[PDB]
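Note sheet for the following structure.
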Amino acid sequence: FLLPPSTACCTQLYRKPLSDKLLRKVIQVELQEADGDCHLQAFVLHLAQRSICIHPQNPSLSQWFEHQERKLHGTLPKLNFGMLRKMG
C-alpha cells in the first residue's frame with residue numbers, strides 16, 4: 001500500500017504533525033482534488049521516497065508552506081497556494 005505520485009485519492013489521513021527533519025525531504029506538495037483526481041479533497045505531501053495524506057485543514061501543511069519556502073534547497077513547483085499561506 002502506497003499512494004502513487006499524482007494518484008492522490010487518499011481515503012485515509014495521517015493527521016500527525018510531520019517532523020521537519022523528514023519534511024526537508026518532501027520535494028513536492030500534491031493537491032488531491034475533490035473531483036479533478038479523487039472524490040474528496042486532501043493536501044498530501046510528496047517525499048522523495050513516499051507520499052503521506054494530510055487533512056487540508058492541518059497546521060502541518062500550513063507550516064510546511066513556510067518551511068518549504070526556506071528548505072528543499074530552493075526547489076519548488078508552481079503552487080499558487082495563496083488561498084492558504086499559514087492562514088489555514
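Readers should treat all values here as calculations from the given coordinates under stated rules, not as data from a laboratory. As a convention, Cβ positions derive from the backbone with ideal geometry for all residues, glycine included, and neighbour counts pool all protein chains shown.
Could you please tell me which pairs satisfy a Cβ distance under 7 Å, a separation of 6+ or placement on different chains, a first residue in region 50-74 that is closer than 20 Å to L40 by Cβ, and a second residue that is assigned to a helix (DSSP H, G or I) and hydroxyl-bearing (S, T, Y)?
That search, which allows pairs on different chains as well, returns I54/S60.
Can you tell me which residues in region 30-49 are in contact with a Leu (Cβ under 6 Å, 6 or more places away or on another chain) and either exposed (fewer than 12 other Cβ atoms within 10 Å of the Cβ) or farther than 16 Å from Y14 by Cα (or both)?
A34
Looking only at region 26-49, filter to residues that are touching a residue at least 24 places away in the same chain (Cβ under 8 Å) and touching a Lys or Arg at 6+ places or on another chain (Cβ under 9 Å); which one of those is farthest from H73 (Cα to Cα)?
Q49
Considering only region 1-25, state which residues are of a type in the set (D, E, K, R) and either free of Cβ contacts under 8 Å to residues at least 40 places away in the same chain or assigned to a loop (DSSP other than H, G, I, E, B) (or both).
Result: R15, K16, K21, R24, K25.
What tally of residues in region 63-77 results from selecting those that are surrounded by 14 or more Cβ atoms within 10 Å (Cβ to Cβ) and part of a helix (DSSP H, G or I)?
6
Out of all the residues in region 3-27, which are under 13 Å from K71 (Cα atoms) and among the basic types (K, R)?
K21, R24, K25
Out of (1) touching a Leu at 6+ places or on another chain (Cβ under 6 Å); (2) in a loop (DSSP other than H, G, I, E, B); (3) of a type outside the set (V, I, T); (4) buried (at least 16 other Cβ atoms within 10 Å of the Cβ), the odd one out for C53 is which?
Going through (1) touching a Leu at 6+ places or on another chain (Cβ under 6 Å); (2) in a loop (DSSP other than H, G, I, E, B); (3) of a type outside the set (V, I, T); (4) buried (at least 16 other Cβ atoms within 10 Å of the Cβ) one by one, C53 breaks only (2).
Only one residue in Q49, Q12, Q63, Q68 is of a type outside the set (D, E) and in contact with a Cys (Cβ under 8 Å, 6 or more places away or on another chain), so which one is that?
Testing whether each residue is of a type outside the set (D, E) and in contact with a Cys (Cβ under 8 Å, 6 or more places away or on another chain) leaves just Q12.
Do the conditions hold for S60, that is, is it surrounded by 14 or more Cβ atoms within 10 Å (Cβ to Cβ), assigned to a helix (DSSP H, G or I), touching a strand residue (DSSP E or B) at 6+ places or on another chain (Cβ under 8 Å) and among the small types (G, A, S)? First the steps, then the outcome.
Details: surrounded by 14 or more Cβ atoms within 10 Å (Cβ to Cβ): yes; assigned to a helix (DSSP H, G or I): yes; touching a strand residue (DSSP E or B) at 6+ places or on another chain (Cβ under 8 Å): yes; among the small types (G, A, S): yes.
Against the criterion (surrounded by 14 or more Cβ atoms within 10 Å (Cβ to Cβ), assigned to a helix (DSSP H, G or I), touching a strand residue (DSSP E or B) at 6+ places or on another chain (Cβ under 8 Å) and among the small types (G, A, S)), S60 qualifies.
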